[PDB]
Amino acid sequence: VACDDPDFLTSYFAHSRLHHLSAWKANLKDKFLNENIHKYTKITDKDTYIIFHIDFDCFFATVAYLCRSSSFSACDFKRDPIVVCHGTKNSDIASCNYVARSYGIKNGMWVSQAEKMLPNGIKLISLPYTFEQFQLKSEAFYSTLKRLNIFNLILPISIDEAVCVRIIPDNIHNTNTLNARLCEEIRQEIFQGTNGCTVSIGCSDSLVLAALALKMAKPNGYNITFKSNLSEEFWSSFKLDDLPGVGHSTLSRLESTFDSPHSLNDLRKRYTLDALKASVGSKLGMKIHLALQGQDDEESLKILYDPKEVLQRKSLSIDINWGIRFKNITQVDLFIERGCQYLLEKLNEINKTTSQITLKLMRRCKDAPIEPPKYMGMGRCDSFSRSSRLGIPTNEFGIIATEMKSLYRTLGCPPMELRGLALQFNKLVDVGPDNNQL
């Protein structure tokens, strides 16, 4: 299905695991809001809480293995390096098992890159996606978590991951013996309920330490590390980009500024708050500083104190940066129209209008090959964005699609140089019962 075919968006989203991830996450958040419309559902100043951060180990790889076709009968999850991917070369490894990771393979690597990490005779097993079973195993996960009746708040993070909060009465002497019991119950009940998937669990009294504890626990384990338990041994165990919020760009800046720390212990012994803030910015610097103390920042805590506002959707968009090869502006405009139709179907499902929209595009870099290394990839591009305030909030196709096509024209991208498009509704407006307006 080419990008000028009316079925392209349907086919692309059907095959895109990144689309599936975002849609699943959005749907879990909507369900949380719907199930909690009447309930208080939030941590109070008065609560002392424990965080149980629970997450499937190598989720797609595990499920796709447990569900593999007869052709993969013989595959051994504990001995073979297994990846889930569409392709054979410049195709993303969506998930890899811990055997593969023992050779240095990582989620997001191209199969082409991963294969070079393997010694002679060691063969990469590549399993197809099983999207519907990913969903079904997630359902079993979330159902088990609720049925245990041990959590005061269950927060969806993604298809395979939840932050679960237990409030501890001041009446009650929490102990790690009780926490280990709960961890082991959760792991067993989910292993049973999912027919063979494993989860790991990080357990702490901050979100950030629960996240690091989760990392330490993997694969197929649990780790309890409270602030009281912090030690050089703990911090020495983590790379810099194990901290939530530290990706590759922030890592690069930390390594430049602090002489290539090789563990969170190195960073914590070397940094100063002000140098940190200079390196990575004021809020991120404060976040990292607080994290290196085992403590959450104000922004991260909002999910505990006001989950309904955190989880409420504030924008709606689609992004298509793969398979984009148009010959003329007629075809670009029709695709923009198809994208607007899709977005408006979603906007109407949530009973909202929009007052502000954006078109963003990827354009081939002047010196970048027409056909990039990744088949149908966007390749190396320059990004361009323009937004427009609509005035009266609307859900009218005619208004929105017209302004989107106009936004496209102002960015000046020749159709044959286009490599990607995003269509965004940046501001959403409730629809109430009263619609009488002059």
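All residue numbers are counted from 1 along the displayed sequence.
Per the PDB record, of the two stretches 259-267 and 169-177, 169-177 carries the greater mean B-factor over its C-alpha atoms. Taking only CA atoms, the mean B-factor in the PDB entry is higher for 121-129 than for the other of 95-103 and 121-129. Across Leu155, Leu361, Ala275, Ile336, the entry's maximum B-factor at the CA atom is seen for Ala275.
Ranking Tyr142, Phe191, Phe134, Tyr305 by Cα temperature factor from the entry places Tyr305 first. Ranked by Cα temperature factor within the chain, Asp242 sits in the middle third according to the deposited record.
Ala61 sits in the lowest third of its chain by CA B factor, as recorded in the PDB entry. Among the modelled residues of the chain, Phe32 sits in the middle third by CA temperature factor in this PDB entry. Among the modelled residues of its chain, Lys287 has a C-alpha B-factor that falls in the lowest third, as given in the PDB entry. In this PDB entry, the Cα temperature factor of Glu371 sits in the middle third of its chain's modelled residues.
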